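Participant: Here it is, the structure, as structure tokens.
There are 2 protein chains.
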Amino acid sequence: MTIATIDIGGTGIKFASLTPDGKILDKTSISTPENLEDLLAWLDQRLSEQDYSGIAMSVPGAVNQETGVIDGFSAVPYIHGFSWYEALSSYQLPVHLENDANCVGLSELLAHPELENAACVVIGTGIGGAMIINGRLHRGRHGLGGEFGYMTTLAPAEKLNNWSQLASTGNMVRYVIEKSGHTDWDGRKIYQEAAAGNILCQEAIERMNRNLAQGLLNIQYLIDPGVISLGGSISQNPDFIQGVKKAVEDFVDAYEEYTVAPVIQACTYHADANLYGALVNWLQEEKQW
Amino acid sequence: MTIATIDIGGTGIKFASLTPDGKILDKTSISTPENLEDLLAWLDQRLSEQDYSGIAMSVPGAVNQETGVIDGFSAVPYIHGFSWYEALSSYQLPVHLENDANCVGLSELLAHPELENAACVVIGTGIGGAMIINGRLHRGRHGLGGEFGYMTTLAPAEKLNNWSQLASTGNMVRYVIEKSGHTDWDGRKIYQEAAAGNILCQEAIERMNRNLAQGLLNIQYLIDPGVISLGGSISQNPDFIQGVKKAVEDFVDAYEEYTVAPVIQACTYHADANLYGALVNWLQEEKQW
Ligand SMILES: OC[C@H]1O[C@@](CO)(O[C@H]2O[C@H](CO)[C@@H](O)[C@H](O)[C@H]2O)[C@@H](O)[C@@H]1O
Ligand SMILES: OC[C@H]1O[C@@](CO)(O[C@H]2O[C@H](CO)[C@@H](O)[C@H](O)[C@H]2O)[C@@H](O)[C@@H]1O
Ligand SMILES: OC[C@H]1O[C@@](CO)(O[C@H]2O[C@H](CO)[C@@H](O)[C@H](O)[C@H]2O)[C@@H](O)[C@@H]1O
Ligand SMILES: OC[C@H]1O[C@@](CO)(O[C@H]2O[C@H](CO)[C@@H](O)[C@H](O)[C@H]2O)[C@@H](O)[C@@H]1O
Ligand SMILES: OC[C@H]1O[C@@](CO)(O[C@H]2O[C@H](CO)[C@@H](O)[C@H](O)[C@H]2O)[C@@H](O)[C@@H]1O
Ligand SMILES: OC[C@H]1O[C@@](CO)(O[C@H]2O[C@H](CO)[C@@H](O)[C@H](O)[C@H]2O)[C@@H](O)[C@@H]1O
């Protein structure tokens, strides 16, 4: 059994053949096509060249599990408005799709197959997330389960002041860009410069970690997960992870109200997390998990 | 089949015989006893006088479903630190207990047996809650599921600024008490006086509803329930319910970020909500639901 596993994003399309244990057997990618018709022909070319038992996909936007339709909006607009169950029917394979942040959450089941209740917070330009409840994805009435970036941790005012706005890597970058006066920054450089003495980076980091810690304690007391995994590029840096944990410890010690602290850990995967999670989504929906 | 149903609180102990459809067949109460030994003898007297098939209980504090022990702290301290499975073993009946705010959430299943995913926010002196996920109570790793009163909607500072502090009936009362200069207030009087022209009451109400609306949109975007039910004494007033909904509509219209609005409704029950919910908890744990 091989699963044709597909990650569609603005940054490119990946196609990989995975085993049911989650081993990548081969991996290829192209630049995002200009039109649906060029993507379907690429996908036809990849699918045609092994005997696949299933097609699993990580996509941006909100999937309707009943129709195969991806709603909402994303960086790849031509993927929306039709049934992928129909678009791929001719392979006569079971097809499942799932939203990318949910995929990242499910990839943790491969790494930690004993997880029952878990939250995953994917930190990028904004903040997306996922919930697992008794070993399964929790999607919610309107597929909005685990949209932790919508959480307002300040009173809305001129701006919504949702978590994505206050606590994301993109918004830490946007803040150092505004005060440094130039745009040659990313999260990883902010870290090097703070380590080198750079005061404004030190402070960008402290605000970031403190806003994350406030929002992570909310998640802990609202859904009470066994663990919260942090994903996205920045969670791949152990200095970020240690800084967030210390920031959480500091809230807990300061407010007598707090008893339990969340268990926090970096996501296991990142670069291929959507492949692994789209795989694990396929296996669960087909009940081979 | 009759279930001996018990609600233990600081305000008194209720004992009622319920049918499995949720009909109260008889209902009695006493003042909270001064000691465990007087409560167990009262309970023995009530239990002795019909043929019960089960014992269902609503209790304050955190229940350990495996041990029957109620942890934490409450207004009735002598109920903590022992197994109620042991304390009641001699009746040789199935015994289940559940925390009171969770009970209130489960009472909604009696009123609305089709609920799959639901949040319940119990508004009193503070804010407690419950989550239902696929028709069952979600308790979480540390029985903290649905402790929505712990959610911080402002940055912590001198005070934690958790939802219970900013949005509860008790804290609306505490605010009118502080500015009116006297203590002859409750939520229901605040409403009459605001209706009569009283400006400070009008404002207490507006702050209350606006803080509730902010926190209710968080719940909607974080767990994405089909409905949020509001319980506690104040939710029994239709003017409060209408004011909260309008306050939510006003956030939605103001922030382009918001698409879906929560469906909000008053809890069906209040005065006997713990009895009904403790009943429904019993039936689910015994798989007769
Ligand atoms: O998993 C979707 C996938 O399965 C196929 C057949 O292998 O279609 C089946 O599933 C669809 C979704 O419910 C049905 O509408 C269809 O009629 C059924 O045969 C493929 O056509 C499709 O890509
Ligand atoms: O943690 C994985 C999570 O992050 C994203 C966005 O960063 O990963 C995508 O973009 C990356 C570019 O930095 C790639 O390395 C990665 O392979 C790609 O999927 C989300 O798409 C993903 O859900
Ligand atoms: O690899 C670390 C680092 O590089 C980034 C830069 O955007 O992503 C690149 O490398 C990934 C491998 O980790 C690829 O999947 C991706 O396509 C590539 O752009 C970061 O996301 C990551 O932090
Ligand atoms: O539901 C608890 C209740 O059941 C009884 C027997 O009717 O005890 C059973 O359940 C306990 C909880 O697991 C066991 O420890 C016990 O050994 C078993 O017989 C009552 O004793 C108890 O109140
Ligand atoms: O909505 C029910 C919820 O409210 C409480 C606290 O108000 O109800 C208890 O106290 C009331 C006094 O106003 C009583 O009317 C009610 O019968 C009693 O249980 C919580 O205990 C309950 O969970
Ligand atoms: O009944 C409405 C109103 O009265 C209060 C006052 O505290 O509770 C009393 O009445 C209840 C019946 O609704 C009883 O269960 C309770 O014991 C009694 O004190 C409020 O809770 C409620 O809003």
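As they're listed, the protein sequences go chains A and A'. A prime marks a further copy of an entry chain. Letter by letter, the first sequence follows residues 1 to 289 of the authors' numbering. Letter by letter, the second sequence follows residues 1 to 289 of the authors' numbering. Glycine is no exception: its CB is placed at the ideal position from the N, C-alpha and C atoms.
#1: Write down the C-beta distance between A/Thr2 and A/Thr19 rounded to the nearest angstrom, noting that I regard them as a contact closer than 8 Å.
#2: Are there 16 or more other CB atoms within 10 angstroms of the CB of A/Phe73, so buried, or fewer, so exposed?
#3: With DSSP as the reference, please indicate the residues paired to A'/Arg136 in a beta bridge.
#4: Tell me the rounded alpha-carbon separation between A/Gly9 and A/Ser31.
#5: From the DSSP secondary-structure annotation, give me the bridge partner or partners of A/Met57.
#6: Does the beta-carbon of A'/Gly124, which I'm using as the reference point, lie nearer than 6 Å to any heavy atom of ligand 2?
#7: Any residues whose CB sits closer than 5 Å to a heavy atom of ligand 6? List them in chain order?
#8: Please state the DSSP three-state secondary structure of A'/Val263.
#9: Starting from the C-beta of A/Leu25, find all residues in its chain whose C-beta is less than 7 Å away, skip the five residues before and the five after it, and write them out in chain order.
#10: Check whether the Cβ atoms of A/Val63 and A/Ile55 sit closer than 7 Å, and answer yes or no.
#11: Expressed to the nearest angstrom, what Euclidean distance is found between the alpha-carbon atoms of A'/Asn237 and A'/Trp42?
#12: For A'/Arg141, return the contacting residues in chain A, with the cut-off set at a CB-CB distance below 7 Å.
#13: Would you mind reading off the limits of the beta strand (DSSP E) that contains A'/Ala155?
#14: Sorted by chain position, which residues of the same chain lie with C-beta nearer than 7 Å to A/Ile127's C-beta, five sequence neighbours on each side aside?
#15: Does A/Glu147 come within less than 7 Å of chain A' when only Cβ atoms are used?
#16: What is the rounded straight-line gap between the Cα of A'/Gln214 and the Cα of A'/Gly143?
#17: Quick check: the region 150-157 of chain A' against the region 252-261 of chain A', are there 3 or more CB pairs under 8 Å?
#18: Hey, does A'/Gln265 have any beta-carbon neighbour from chain A nearer than 7 Å?
#19: Going along the chain, which unbroken runs of the beta strand (DSSP E) with 3 or more residues stay wholly within the region 243-287 of chain A'?
#20: Kindly indicate the opening and closing residues of the alpha helix (DSSP H) around A/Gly215.
#21: Which word fits A'/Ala4, buried or exposed, when buried means at least 16 other C-beta atoms lie within 10 angstroms of its C-beta?
#22: Using a Cβ-Cβ cut-off of 8 Å (strictly less than) and excluding sequence neighbours within five positions of A/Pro33, which residues of its own chain qualify?
#23: Can we count A/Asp250 as close to ligand 5, meaning its CB is less than 6 Å from some heavy atom?
#24: Please classify A/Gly81: is it buried, with 16 or more other beta-carbons within 10 angstroms of its beta-carbon, or exposed?
#25: For the candidate residues A'/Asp253, A'/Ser107, A'/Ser180 and A'/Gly181, whose alpha-carbon lies nearest to that of A'/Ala266?
#26: State the beta-bridge partners of residue 329 of chain A' as determined by DSSP.
#27: Closer than 7 Å, CB to CB, is A'/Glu257 near chain A or not?
#28: Rounded to whole angstroms, what is the Cα-Cα separation between residue 290 of chain A and A'/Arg139?
#29: Pull up the DSSP beta-bridge partners for A/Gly231, would you.
#30: Which residues of chain A have a Cβ atom closer than 8 Å to the Cβ of A'/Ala155, listed in chain order?
#31: Which chain A' residues sit within Cβ distance under 7 Å of A/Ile133?
#32: Taking Cβ positions, are A'/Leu110 and A'/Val280 nearer each other than 7 Å?
#33: Which residue wins for smallest C-alpha separation from A/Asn117, given the options A/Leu283, A/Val263 and A/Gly135?
#34: Step through the CB atoms of chain A and report whether any lies within less than 7 Å of the CB of A'/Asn218.
#35: Report yes or no: is there a C-beta of chain A within less than 7 Å of the C-beta of A'/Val260?
#36: What do you reckon, is the C-beta of A/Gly231 under 6 Å from a heavy atom of ligand 2?
Facilitator: Quick look at the numbers:
#1: Confirmed, Cβ separation roughly 7 Å.
#2: By the neighbour-count criterion, in which 16 or more other beta carbons inside 10 Å mark a residue as buried, A/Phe73 falls on the exposed side.
#3: According to DSSP, A'/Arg136 bridges with A'/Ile133.
#4: Approximately 10 Å, taken between the alpha carbons.
#5: Beta bridge pairing from DSSP links A/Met57 with A/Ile6 and A/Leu97.
#6: A'/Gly124 Cβ: outside cutoff for every heavy atom of ligand 2.
#7: Around ligand 6, the residues selected by a Cβ distance under 5 Å to any of its heavy atoms are A'/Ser233 and A'/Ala271, following chain order.
#8: A'/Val263 falls in the coil class under three-state DSSP.
#9: Residues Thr2, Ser17, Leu18 and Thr19 of the same chain have their beta carbon placed closer than 7 Å to that of A/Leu25, with the five preceding and five following residues left out of the count.
#10: Not closer than 7 Å, so no.
#11: Near 34 Å, if we compare the C-alpha coordinates of A'/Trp42 and A'/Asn237.
#12: In chain order: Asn117, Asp224, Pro225 and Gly226.
#13: Counting along the chain, A'/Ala155 falls outside any beta strand (DSSP E), and DSSP gives it neither H nor E.
#14: Annotation for A/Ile127: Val121, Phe148, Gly149, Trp163, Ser164, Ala167 and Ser168 place their beta carbon closer than 7 Å to its own, counting only its chain and skipping 5 residues before and after.
#15: At least one chain A' Cβ lies under 7 Å of A/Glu147.
#16: Their Cα atoms are separated by approximately 25 Å.
#17: No, the region 150-157 of chain A' is not in contact with the region 252-261 of chain A'.
#18: Answer no: the Cβ-Cβ gap between A'/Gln265 and chain A never drops below 7 Å.
#19: Every beta strand (DSSP E) of 3 residues or more that sits fully in the region 243-287 of chain A' is shown, in chain order, as 264-266.
#20: Counted as a single uninterrupted DSSP element, the alpha helix (DSSP H) harbouring A/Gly215 occupies residues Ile199 to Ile223.
#21: By the 10 Å Cβ count, A'/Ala4 comes out buried.
#22: Close CB contacts of A/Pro33 within its chain, under the 8 Å cut and outside five residues either way in sequence, are with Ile13, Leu39 and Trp42 (chain order).
#23: Within the chosen limit of 6 Å, ligand 5 does not reach the beta carbon of A/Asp250 with any heavy atom.
#24: Counting every other CB atom within 10 Å of its CB across the protein chains shown gives A/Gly81 a total below 16, marking it as exposed.
#25: Here the closest residue by C-alpha is A'/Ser107.
#26: As displayed, chain A' neither begins before 1 nor continues past 289, which places residue 329 of chain A' out of reach and without an answer.
#27: Yes, its Cβ sits closer than 7 Å to a Cβ of chain A.
#28: Summary: the structure shown does not reach residue 290 of chain A, with chain A confined to residues 1 through 289, and so no result is reported for it.
#29: In the DSSP secondary-structure assignment, A/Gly231 is bridged to A/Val122.
#30: Correct list: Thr153, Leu154 and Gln214.
#31: Under the 7 Å cutoff, chain A' gives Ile133 and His138.
#32: The answer is yes: Cβ separation under 7 Å.
#33: Looking from the CA of A/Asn117, the closest CA among A/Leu283, A/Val263 and A/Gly135 belongs to A/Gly135.
#34: True, the Cβ-Cβ gap to chain A drops below 7 Å.
#35: Chain A has a Cβ within less than 7 Å of the Cβ of A'/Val260.
#36: Yes, ligand 2 has a heavy atom inside 6 Å of this Cβ.
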